[PDB]
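These notes concern the structure reproduced below.
In the authors' numbering, the protein residues as written are 3 to 118, 136 to 245.
Here's what the structure looks like:
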């Protein structure tokens, strides 16, 4: 259920091609994305292709150099990376988008690509003691959070992200009651009630920016439990 491939070592100005074999769902029905993550840094959205293959969006950082694509027949999504730079070094994940709410419910394991500020304002770290209530607030513009539904994703150390809250406050089929989402115009807050030890993870808030026509991802918040 989403396996990346084609990762390797490349030199600057080089060229590389990723692929993402789907399994268990009707690939052709859902839109697909590529979201990279640097070495120890946050999440950055790369590109998105509709199942229609008709509506493509590239991040202003890879605009022109990268080429998204798919083959709904072979059940695999691809990404042609040309004119590569050292700053393109990351882990690339391919995330299944939902037609309805635009959230990324299924993410792949990742593939590392080695080569030889932000709109969303999120506190870098959060400190909480067992059993307390912890709020992580993410601050966007009138063009993103203001105008579109927010999705929070939890990244557990080592593991790829997992949709925590979507459509501003909806808990998916798994996420416990202690987690609650909300939005107040241009700001969005995730509230963990009854802090547990297991809740030690990285939290990201993400909205679509109609002005940038790209997803904006939060600056992450590392929640440490005491």
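All C-beta atoms, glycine included, are put in the ideal place defined by N, C-alpha and C.
* Asked: From residue 116 to residue 88, what distance separates their C-alpha atoms?
  -> 7 Å
* To do: List the endpoints of the continuous beta strand (DSSP E) containing residue 22.
  => 17-23
* Would you call the region 208-226 and the region 140-158 in contact, with 3 or more CB pairs under 8 Å? -> yes
* If you pair each beta-carbon of the region 236-243 with each one of the region 45-61, do three or more pairs fall below 8 Å? -> yes
* Asked: Rounded to a whole number of angstroms, what is the C-alpha to C-alpha distance between residue 31 and residue 53?
  -> 6 Å
* To do: Report the residue from 38, 244 and 153 whose alpha carbon sits nearest the alpha carbon of residue 90.
  => 38
* Asked: Assuming residue 111 contacts residue 5 under a Cβ cut-off of 8 Å, what Cβ separation, rounded to an integer in Å, is found between them?
  -> 7 Å
* To do: Compute the Euclidean distance between the alpha carbons of residue 230 and residue 7, then round it to the nearest angstrom.
  => 32 Å
* Asked: What did DSSP end up calling residue 218 once you bin it into helix, strand or coil?
  -> coil
* **CA-to-CA distance, residue 167 to residue 207, given in whole angstroms** => 11 Å
* Asked: How is residue 30 classed by DSSP in three states: helix, strand or coil?
  -> helix
* To do: Taking only beta-carbon positions, decide if residue 163 is within less than 8 Å of chain B.
  => Of the chains in the structure shown, none is chain B; there is only one protein chain.
* To do: Identify every residue that forms a DSSP beta bridge with residue 96.
  => Bridge partners of residue 96: none, in fact.
* To do: Keeping to the same chain, check which residues put their C-beta closer than 8 Å to that of residue 145; ignore five residues upstream and five downstream.
  => 153, 155, 222, 240, 241, 242 and 243
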